2 protein chains.
Amino acid sequence: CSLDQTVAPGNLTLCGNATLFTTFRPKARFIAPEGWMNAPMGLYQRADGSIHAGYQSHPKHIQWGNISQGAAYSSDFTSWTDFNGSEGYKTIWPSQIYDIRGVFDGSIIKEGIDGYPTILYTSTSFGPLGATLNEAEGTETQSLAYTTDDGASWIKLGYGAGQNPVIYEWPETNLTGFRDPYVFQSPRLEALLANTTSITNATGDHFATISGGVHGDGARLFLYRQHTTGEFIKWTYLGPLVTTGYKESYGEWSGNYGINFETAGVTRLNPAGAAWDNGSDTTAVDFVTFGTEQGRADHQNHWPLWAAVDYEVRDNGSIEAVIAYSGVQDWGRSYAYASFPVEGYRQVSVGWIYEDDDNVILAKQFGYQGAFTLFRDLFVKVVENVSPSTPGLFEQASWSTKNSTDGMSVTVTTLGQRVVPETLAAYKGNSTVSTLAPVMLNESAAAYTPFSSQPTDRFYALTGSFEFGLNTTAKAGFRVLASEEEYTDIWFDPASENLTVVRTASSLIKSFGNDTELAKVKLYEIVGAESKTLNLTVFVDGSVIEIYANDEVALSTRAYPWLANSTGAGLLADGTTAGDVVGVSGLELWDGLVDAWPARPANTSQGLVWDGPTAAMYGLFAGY
Amino acid sequence: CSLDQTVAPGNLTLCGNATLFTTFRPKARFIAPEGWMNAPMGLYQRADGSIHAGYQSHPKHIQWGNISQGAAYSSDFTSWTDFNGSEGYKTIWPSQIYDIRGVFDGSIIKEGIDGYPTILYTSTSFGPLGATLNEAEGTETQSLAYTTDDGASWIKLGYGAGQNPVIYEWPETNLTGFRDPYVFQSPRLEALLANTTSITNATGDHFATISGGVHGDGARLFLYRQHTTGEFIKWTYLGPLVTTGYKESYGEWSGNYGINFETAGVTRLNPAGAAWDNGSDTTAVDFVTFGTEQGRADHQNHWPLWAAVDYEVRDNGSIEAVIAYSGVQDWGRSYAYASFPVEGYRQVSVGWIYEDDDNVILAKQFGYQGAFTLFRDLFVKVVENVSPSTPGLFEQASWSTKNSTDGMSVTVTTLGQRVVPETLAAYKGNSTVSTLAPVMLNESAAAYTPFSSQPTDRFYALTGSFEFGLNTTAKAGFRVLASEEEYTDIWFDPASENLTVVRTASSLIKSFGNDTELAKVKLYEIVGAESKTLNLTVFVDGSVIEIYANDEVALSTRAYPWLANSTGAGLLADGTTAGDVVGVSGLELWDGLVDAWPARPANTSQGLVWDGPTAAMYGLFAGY
Ligand SMILES: *[C@@H]1O[C@H](CO)[C@@H](O[C@@H]2O[C@H](CO)[C@@H](O[C@@H]3O[C@H](CO[C@H]4O[C@H](CO[C@H]5O[C@H](CO)[C@@H](O)[C@H](O)[C@@H]5O[C@H]5O[C@H](CO)[C@@H](O)[C@H](O)[C@@H]5O)[C@@H](O)[C@H](O[C@H]5O[C@H](CO)[C@@H](O)[C@H](O)[C@@H]5O)[C@@H]4O)[C@@H](O)[C@H](O[C@H]4O[C@H](CO)[C@@H](O)[C@H](O)[C@@H]4O[C@H]4O[C@H](CO)[C@@H](O)[C@H](O)[C@@H]4O[C@H]4O[C@H](CO)[C@@H](O)[C@H](O)[C@@H]4O)[C@@H]3O)[C@H](O)[C@H]2NC(C)=O)[C@H](O)[C@H]1NC(C)=O
Ligand SMILES: *[C@@H]1O[C@H](CO)[C@@H](O[C@@H]2O[C@H](CO)[C@@H](O[C@@H]3O[C@H](CO[C@H]4O[C@H](CO[C@H]5O[C@H](CO)[C@@H](O)[C@H](O)[C@@H]5O[C@H]5O[C@H](CO)[C@@H](O)[C@H](O)[C@@H]5O)[C@@H](O)[C@H](O[C@H]5O[C@H](CO)[C@@H](O)[C@H](O)[C@@H]5O)[C@@H]4O)[C@@H](O)[C@H](O[C@H]4O[C@H](CO)[C@@H](O)[C@H](O)[C@@H]4O[C@H]4O[C@H](CO)[C@@H](O)[C@H](O)[C@@H]4O[C@H]4O[C@H](CO)[C@@H](O)[C@H](O)[C@@H]4O)[C@@H]3O)[C@H](O)[C@H]2NC(C)=O)[C@H](O)[C@H]1NC(C)=O
Ligand SMILES: *[C@@H]1O[C@H](CO)[C@@H](O[C@@H]2O[C@H](CO)[C@@H](O[C@@H]3O[C@H](CO[C@H]4O[C@H](CO)[C@@H](O)[C@H](O[C@H]5O[C@H](CO)[C@@H](O)[C@H](O)[C@@H]5O)[C@@H]4O)[C@@H](O)[C@H](O[C@H]4O[C@H](CO)[C@@H](O)[C@H](O)[C@@H]4O)[C@@H]3O)[C@H](O)[C@H]2NC(C)=O)[C@H](O)[C@H]1NC(C)=O
Ligand SMILES: *[C@@H]1O[C@H](CO)[C@@H](O[C@@H]2O[C@H](CO)[C@@H](O[C@@H]3O[C@H](CO[C@H]4O[C@H](CO)[C@@H](O)[C@H](O[C@H]5O[C@H](CO)[C@@H](O)[C@H](O)[C@@H]5O)[C@@H]4O)[C@@H](O)[C@H](O[C@H]4O[C@H](CO)[C@@H](O)[C@H](O)[C@@H]4O)[C@@H]3O)[C@H](O)[C@H]2NC(C)=O)[C@H](O)[C@H]1NC(C)=O
Ligand SMILES: OC[C@H]1O[C@H](OC[C@H]2O[C@H](O[C@]3(CO)O[C@H](CO)[C@@H](O)[C@@H]3O)[C@H](O)[C@@H](O)[C@@H]2O)[C@H](O)[C@@H](O)[C@H]1O
Ligand SMILES: OC[C@H]1O[C@H](OC[C@H]2O[C@H](O[C@]3(CO)O[C@H](CO)[C@@H](O)[C@@H]3O)[C@H](O)[C@@H](O)[C@@H]2O)[C@H](O)[C@@H](O)[C@H]1O
Ligand SMILES: *[C@@H]1O[C@H](CO)[C@@H](O)[C@H](O)[C@H]1NC(C)=O
Ligand SMILES: *[C@@H]1O[C@H](CO)[C@@H](O)[C@H](O)[C@H]1NC(C)=O
Ligand SMILES: *[C@@H]1O[C@H](CO)[C@@H](O)[C@H](O)[C@H]1NC(C)=O
Ligand SMILES: *[C@@H]1O[C@H](CO)[C@@H](O)[C@H](O)[C@H]1NC(C)=O
Ligand SMILES: *[C@@H]1O[C@H](CO)[C@@H](O)[C@H](O)[C@H]1NC(C)=O
Ligand SMILES: *[C@@H]1O[C@H](CO)[C@@H](O)[C@H](O)[C@H]1NC(C)=O
Ligand SMILES: *[C@@H]1O[C@H](CO)[C@@H](O)[C@H](O)[C@H]1NC(C)=O
Ligand SMILES: *[C@@H]1O[C@H](CO)[C@@H](O)[C@H](O)[C@H]1NC(C)=O
Ligand SMILES: *[C@@H]1O[C@H](CO)[C@@H](O)[C@H](O)[C@H]1NC(C)=O
Ligand SMILES: *[C@@H]1O[C@H](CO)[C@@H](O)[C@H](O)[C@H]1NC(C)=O
Ligand SMILES: *[C@@H]1O[C@H](CO)[C@@H](O)[C@H](O)[C@H]1NC(C)=O
Ligand SMILES: *[C@@H]1O[C@H](CO)[C@@H](O)[C@H](O)[C@H]1NC(C)=O
Ligand SMILES: *[C@@H]1O[C@H](CO)[C@@H](O)[C@H](O)[C@H]1NC(C)=O
Ligand SMILES: *[C@@H]1O[C@H](CO)[C@@H](O)[C@H](O)[C@H]1NC(C)=O
């Protein structure tokens, strides 16, 4: 095994465990110290204002198993510190018959058992588990634990009658899944249900959704309500909140609803951020965010979606969330988005970016798998004075339209997402910032034009505003992680409305994924404008490429170029002419970003281990 | 619920949990503080000379589940003290994927991991488990833990390759069971295998048997040898040590070998006790003790057996233990005998006495189930100068015969069992002892003759020597726990060779078992004697009746009389006449015995709990 990145890569499968630990590794984002990670979990803002983030974790392995909560904290979403206890950076792990198969995703009751922060999580035990298997009741249950030391440790309730697990009965038969409890307070839902509380007797101030579905009949998000305020054992099933059809799709802008939901959450937003009104704020919109399974041919059969919903009260004292419009939270290799409230009327969302090594060819050589996305403020994006001639505007696919009284303009409403400002400020302030001159892309434009200042490593951010003619057929964008032989091309093609990431040349290492990523982006044309603009922000962080368009569209993906000099970046142009010109302005390079884990050394591998021959006997975990 | 024991019992099923805690409870023997117990485990003499005893334990329940090691210690086998740690009196419990279904029976390596006492135990996980089910590999494995604090706590080896579990591969397919590892040193087996160690490479000084069998083809005791001295991970399967047939019986004196072995151990004894020679002691005999399943119509389908064996070395470097003769360790409601070495060349054996409430009618009202037997010294019983006219002597069923050179006398050899002298001394010394006058049972003998001194409670011992004519048809014995309306009759009938416990009147409470217990007892007639003698010792301890005959035959059973005055005792006589007389001598009553748990209050119940609806979902434990 040669690690010479000035020549072509050899057979890297001969390399030892964790020999490629630093080669492709993100430095500026949330990631476990080593080993396997997946979904964020247990997210909450602590009493001191800091952020506690948990994650599905399997240390010293590069496949899922014995799944536990790893945890860390930060005062600014950006610079983090690991917890360190008797189980290293783990704070919850399988330990009881009810959760021995895995401590799955869970969410936080901030004032829970004895007033302490409390996690409601999916406790798993033995048996077939999965949307495509024949799961039985008991395999997935929901259990409580609380912390008396701000997340350094958690104490589970005892096993038994009237204790853990607290939710175990399936609300309907033949479930495809029954997990990922999302606990939330909702003045909105309380106001809606207030006239029906005699029917159910459920009067608590916390609601919980559980994600699942029904075999052959589509996904379900099940709604429970805490039976009595201040008491956390009894949760009353109200009814299904969201019901979708077997592999139903709302269309090209909305992914596919699959067969089973996962990691679903419920929030309420207005243009500024989180909305905690009872329905009285006419600018507020109710949203559900959710993953779906088996409605996608690639990306691990997983769509991370969202929907705006209008709540209706059923006669039995339950809530139907009727989907008004439906979109995609991220179009790339990410999933398992969790959102949580943050002081100052914010709802912040974060997901998991998986690797692009689905055949597990170099995972051992990495010595880790997975990272988080960046943390994102959610809000209602409102675009005023939209031209009615915007192509496809009245499809109202992942947005709503409201006509002006005179019919000459439209107000567009959709889900907004933007990187939390703490991270943008820290990134910029710690980087070498190059403010670049604007560039007209015309007949003289090369296919690729390097920026006048270049990155120094694989940790940088780009921004640019691309102004297109209303009838353009030109394409433009950014090339990143680029040398002569390796590069990743991010294109927008306004004629097709497609944002693509072409990865056919991303790496000389052929075992990594190279499929083209694709997002739809609607450029809402403004009344009186003779052009349409794409604001593109790109974060390059080891192997992560995370793209944001117009504080709306997100696409996370992976690139693993071998060569040390595959770090360059610049502008892409295709079919730009004297007549079809793309004006690029607001161009800026931030080189370096932030060291997100300042206390960690460069190599935090502790080696990898094998569970031995019993892993196959038990059949629960791959074993490595 | 009335607890008036001066009148007939009401409907005791209306009584609350643990309301009958003290009513029938042993006071003079090893028993858990409360709840469910079964098999002894983890028995060893500690460095300070005290005895550590573990037991299969499920606190706050009255059926088996979450099975754990409860533990206590004693300097004299007789007066005990509970361990008290973070899990009460438990010291090992289910905690890992490999043992989450139960910490089953295990045995002690005295100089194990890092020189510390080390337990090798059956770690169980999910799946069908049982001799009559379709068990699969992995469900029962064998794991290690060690103690740095003389049994107050145990540290398990880690889960994984080269660590726990240490034995997981089934030595043959389609096993009925794979559990109860018995670790032992054996100069005998080492000497026998010394010429074959090149074949197997196994040269360690510890052996281990694992108890099981093969579906449709009888029981098996599998022999392993520690691969390398001072190393405890690698154990090499040599071959089957004991192989018996599907429900094979050696006859009337030997129970039935069933379909599966449990709790089997290997020892070597001579007339004084334990023998640690290499084969050079011609007075020493190799023994296996073992439980069998499904070869019995009652007594929970369980026979606690033993066999004298002659070892043969196989060509592949393994040992066949060929059964020479075969007997019964206890004929009553006991099982799961474990033996362990004790200083002064002793091997001490102890088992578990189950209740006689198999339909679980009053178990909750008890608030506990189970006790130990008394601790028993094992030795080779040798009877010299036996008359060749002893009926049935040359059947050599559970004994051996060696003729004198002249053929006029026989030496009989069998397994001897006697209560450890520490217990007999402590019992007698703490009791009110009444030495009773000898009694001739003749034509004037009543059916029942109370002793001249009477017990004061349900805690006493009796002894007597019953001298019978060689052609007697009379029966004699002891009645115990007796009032006019309730009593338990212990009869010996030399003509049939049957020792019986008749329990048709043991209790007014009709839900307890009332079947007649039966043991065979061979009165070896001595050359020149005109009579034959039965030495009977009986311990009455709450509901336990534990009978010893001639330091050979043991029979443990249960009686639960309701009335407070059902405590009396005396002599039984049937068919005694002027010509057929039974001479009873050496009669002694010990009233009171010892308070075996001096630190415990009278009621150590902590209440009972229910596991809730998930118990049935998981299907592993009854849940109460
Ligand atoms: C199979 O068997 C298994 C083993 O038995 C069994 O698992 C065990 O289950 C039991 C029962 O559920 C669990 O017991 C609970 O423990 C909770 C605390 O748990 C934390 O702490 C313990 C013990 O802590 C120590 O010991 C360890 C080990 O040495 C040390 O590491 C610690 O430093 C600490 O040591 C100190 O203390 C020791 C003595 O205990 C000393 O020896 C030592 O020197 C030190 O000084 C840990 O072991 C736990 O770890 C395990 O669990 C965590 C997850 O939780 C894992 O991550 C980890 O790996 C371990 O597996 C853990 O850290 C107790 O809080 C709980 O006690 C209460 O609940 C019951 C009701 O169920 C009440 O009876 C009791 O009164 C307590 O409730 C009161 O208090 C709470 C708040 O504290 C209130 O909310 C509540 O309302 C109530 O209040 C009442 O009283 C108040 C009085 O002030 C009053 O104010 C109120 O008004 C009110 O009236 C319970 O004891 C046990 O932890 C499990 N153990 C393990 C190893 O799993 C398993 O379930 C079985 N399975 C099946 C299928 O049956
Ligand atoms: C799913 O995830 C699960 C959770 O991660 C996982 O279970 C965990 O597995 C790991 C890995 O196997 C276990 O880790 C081992 O722990 C052993 C010790 O275990 C005992 O102690 C721990 C920790 O003790 C403390 O913390 C608790 C909780 O707060 C307190 O109660 C205690 O008081 C004590 O607290 C003090 O210390 C804390 C810091 O640790 C402080 O925070 C605190 O303030 C106090 O000061 C307990 O948690 C354990 O309890 C659990 O397990 C018991 C059964 O064992 C249960 O009954 C109980 O309910 C709990 O479940 C337990 O009591 C370590 O000994 C072991 O360390 C060694 O092994 C590895 C190799 O595997 C080596 O890397 C390492 O060096 C150690 O080996 C050396 O040392 C030994 C002798 O000590 C030698 O034999 C050996 O050769 C080697 O020697 C070498 O170094 C020497 C240096 O001196 C040198 O001399 C030699 O020459 C040689 O070179 C290991 O860390 C962990 O316990 C499990 N935890 C739990 C909760 O289960 C599970 O497996 C996963 N499942 C799957 C399917 O993957
Ligand atoms: C005495 O000790 C027992 C432990 O043995 C303590 O707990 C009780 O255990 C028994 C089992 O021995 C349980 O009986 C079973 O009950 C279920 C149905 O339970 C439901 O109905 C109950 C009656 O109103 C109710 O109390 C239960 O509520 C508890 O449990 C729920 C979880 O479901 C929890 O949320 C609550 O907070 C309570 O803790 C519950 O709603 C029944 O299905 C079982 O039936 C089987 O067995 C019977 C008898 O063999 C048979 O007739 C059936 O056909 C079936 O096979 C079984 O009856 C009892 O529920 C437990 N009670 C509890 C936990 O409160 C008991 O508390 C101790 N008493 C005291 C005073 O300490
Ligand atoms: C690097 O990290 C790995 C963890 O990922 C460390 O452990 C090794 O993990 C791999 C899995 O990633 C294991 O590979 C499997 O091995 C088994 C067969 O194992 C046997 O043969 C080995 C080779 O001689 C031997 O080392 C093993 O000994 C260990 O385990 C036994 C318990 O069985 C234990 O008693 C010993 O003490 C050792 O700990 C063992 O005898 C094989 O069956 C598996 O095959 C599957 O997968 C492959 C590849 O996909 C495929 O070809 C097959 O068809 C099948 O699907 C698999 O290869 C490896 O055994 C682990 N090695 C160990 C534990 O030593 C590894 O140690 C780390 N290296 C370093 C230097 O730290
Ligand atoms: O069939 C068993 C299954 O086990 C493992 O997968 C478990 C579960 O993981 C994922 O679910 C989410 C979201 O991705 O991740 C956590 C668990 O870490 C859940 O709380 C959450 O819903 C998958 O999306 C599920 O499909 C999957 O069942 C293992 O990884 C699988 O390979 C498989 O063996
Ligand atoms: O089928 C599962 C089975 O689980 C429980 O029984 C387990 C096991 O217990 C007994 O085995 C012994 C000896 O009696 O006891 C310990 C376990 O505590 C073992 O180490 C030891 O061999 C029985 O003899 C076995 O037949 C039995 O499989 C439960 O009690 C059963 O009812 C049943 O549900
Ligand atoms: C980048 O590195 C490769 C291999 O060392 C080399 O061929 C190339 O010329 C280098 N410089 C570039 C692309 O600017
Ligand atoms: C790469 O090495 C592996 C062994 O790790 C080998 O099986 C494979 O054929 C090699 N690939 C080549 C030489 O292209
Ligand atoms: C309430 O009604 C809805 C609509 O039919 C149903 O799906 C849900 O299960 C009902 N809630 C119950 C039975 O608690
Ligand atoms: C919205 O405006 C467009 C263009 O003016 C028009 O076609 C459509 O009918 C309007 N919708 C409503 C509800 O007035
Ligand atoms: C650099 O990053 C840290 C960590 O997030 C942040 O607190 C600090 O303000 C940044 N430095 C600047 C903006 O100069
Ligand atoms: C030019 O773009 C406008 C929308 O901006 C569209 O309505 C019109 O049809 C386009 N012209 C073509 C296709 O010739
Ligand atoms: C744009 O994307 C859609 C997928 O939504 C695809 O069907 C279409 O072919 C794409 N067109 C171009 C020109 O990229
Ligand atoms: C024993 O008690 C019962 C019920 O109180 C009574 O009938 C009997 O006469 C008492 N005395 C005996 C049997 O000596
Ligand atoms: C005893 O009480 C139980 C209830 O615990 C009842 O079902 C049974 O019929 C009663 N037996 C009688 C009255 O003989
Ligand atoms: C040794 O031979 C015996 C007798 O055939 C056999 O039962 C046992 O499995 C053999 N040992 C092995 C294969 O290790
Ligand atoms: C043992 O003694 C009996 C009676 O003397 C006799 O019948 C039998 O043949 C003897 N056995 C041997 C081996 O001599
Ligand atoms: C009473 O019993 C204790 C506990 O076993 C024992 O140590 C003591 O010697 C006994 N008293 C005697 C023999 O007087
Ligand atoms: C009397 O007993 C002896 C053995 O002690 C026996 O050999 C003999 O047959 C018996 N007498 C009978 C049955 O008449
Ligand atoms: C003695 O016990 C045996 C069982 O071994 C039995 O078959 C026989 O009938 C019994 N005889 C008498 C008289 O009790």
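Basis: the model, the stated rules and, where named, an outside source; no laboratory instrument gave them. All Cβ positions, even for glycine, are placed from backbone atoms using ideal geometry, and neighbour counts span all protein chains on display.
Being more than 30 Å from residue A:609 (Cα to Cα), surrounded by fewer than 22 Cβ atoms within 10 Å (Cβ to Cβ) and in contact with a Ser or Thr (Cβ under 8 Å, 6 or more places away or on another chain) holds for only one residue in A:49, A:115, and it is A:49.
Checking each residue in region B:343-386 for being surrounded by fewer than 23 Cβ atoms within 10 Å (Cβ to Cβ) and in a helix (DSSP H, G or I) picks out B:363, B:364, B:365. If the condition is being within 14 Å of chain A (Cβ to nearest Cβ) and not in a loop (DSSP other than H, G, I, E, B), then region B:573-624 contributes B:614, B:615, B:616, B:617, B:618.
Every residue, every condition in (1) over 30 Å from residue A:356 (Cα atoms); (2) assigned by CATH to the domain that holds residue A:40; (3) more than 18 Å from the chain's Cα centre (by Cα), yes or no:
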| site | (1), (2), (3) |
| --- | --- |
| A:252 | no, yes, yes |
| A:265 | no, yes, no |
| A:278 | yes, yes, yes |
| A:281 | yes, yes, yes |
| A:309 | yes, yes, yes |
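So, in region B:122-137, of the ones that are assigned to a loop (DSSP other than H, G, I, E, B) and buried (at least 23 other Cβ atoms within 10 Å of the Cβ), which residue ends up farthest from the other protein chains (Cβ to nearest Cβ)? Among them, the one singled out is B:125. Within the set B:107, B:95, B:125, the sole residue that is of a type in the set (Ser, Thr, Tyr), more than 23 Å from residue B:337 (Cα to Cα) and out of contact with any helix residue (DSSP H, G or I) (no Cβ under 7 Å at 6 or more places or on another chain) turns out to be B:95. Annotation: of all residues in region B:164-184 being assigned to a loop (DSSP other than H, G, I, E, B) and either in contact with a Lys or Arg (Cβ under 9 Å, 6 or more places away or on another chain) or of a type in the set (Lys, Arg) (or both), the one that is farthest from the other protein chains (Cβ to nearest Cβ) is B:172.
Checking region B:442-459 against the condition returns a match, with at least one residue being assigned by CATH to the domain that holds residue B:525 and under 23 Å from the mean Cα position of the chain (by Cα). If only residues of region B:138-156 that are more than 12 Å from every other protein chain (Cβ to nearest Cβ) and part of a loop (DSSP other than H, G, I, E, B) are counted, the one that is farthest from ligand 5 (Cβ to nearest atom) is B:150. Against the test of being over 19 Å from residue B:575 (Cα atoms), buried (at least 22 other Cβ atoms within 10 Å of the Cβ) and either polar (S, T, N, Q) or within 16 Å of ligand 9 (Cβ to nearest atom) (or both), the options B:506, B:511, B:452 yield a single qualifying residue, B:506. Selection of region B:74-103 for residues being of a type in the set (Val, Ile, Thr) and away from chain A (no Cβ under 14 Å) yields B:78, B:81, B:91, B:92. All conditions in (1) within 16 Å of ligand 18 (Cβ to nearest atom); (2) over 25 Å from residue B:589 (Cβ atoms) hold for residue B:518, with the sole exception of (1). Is it the case, given these coordinates, that residue A:436 is farther than 22 Å from residue A:555 by Cβ and within 16 Å of ligand 4 (Cβ to nearest atom)? No, not satisfied. Would it be correct to say that residue B:424 is touching a residue at least 24 places away in the same chain (Cβ under 8 Å) and either within 16 Å of ligand 5 (Cβ to nearest atom) or not small (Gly, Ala, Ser) (or both)? It is false that residue B:424 is touching a residue at least 24 places away in the same chain (Cβ under 8 Å) and either within 16 Å of ligand 5 (Cβ to nearest atom) or not small (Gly, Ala, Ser) (or both).
Identification of strands (runs of 3 or more DSSP E) wholly contained in region B:505-552 with 2 or more residues that are within 25 Å of residue B:9 (Cα to Cα) and either without any contact (Cβ under 8 Å) to a residue 40 or more places away in the chain or out of contact with any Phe, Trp or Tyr (no Cβ under 6 Å at 6 or more places or on another chain) (or both) yields B:544-549.
Candidates are the residues of region B:560-594 that are closer than 29 Å to residue B:8 by Cα and surrounded by fewer than 18 Cβ atoms within 10 Å (Cβ to Cβ); the one that is nearest to ligand 14 (Cβ to nearest atom) is B:565. Taking the condition under 31 Å from the mean Cα position of the chain (by Cα), without any contact (Cβ under 8 Å) to a residue 12 or more places away in the chain and either within 26 Å of residue B:250 (Cβ to Cβ) or away from ligand 11 (no atom under 16 Å from the Cβ) (or both), does residue B:394 pass? Yes: the conditions hold for residue B:394.
Looking at B:315, B:286, B:330 in this structure, which one is farther than 27 Å from residue B:31 by Cα and assigned to a loop (DSSP other than H, G, I, E, B)? Steps first, please.
Numbers: B:286 fails: assigned to a loop (DSSP other than H, G, I, E, B); B:330 fails: farther than 27 Å from residue B:31 by Cα.
Exactly one residue qualifies, and that residue is B:315.
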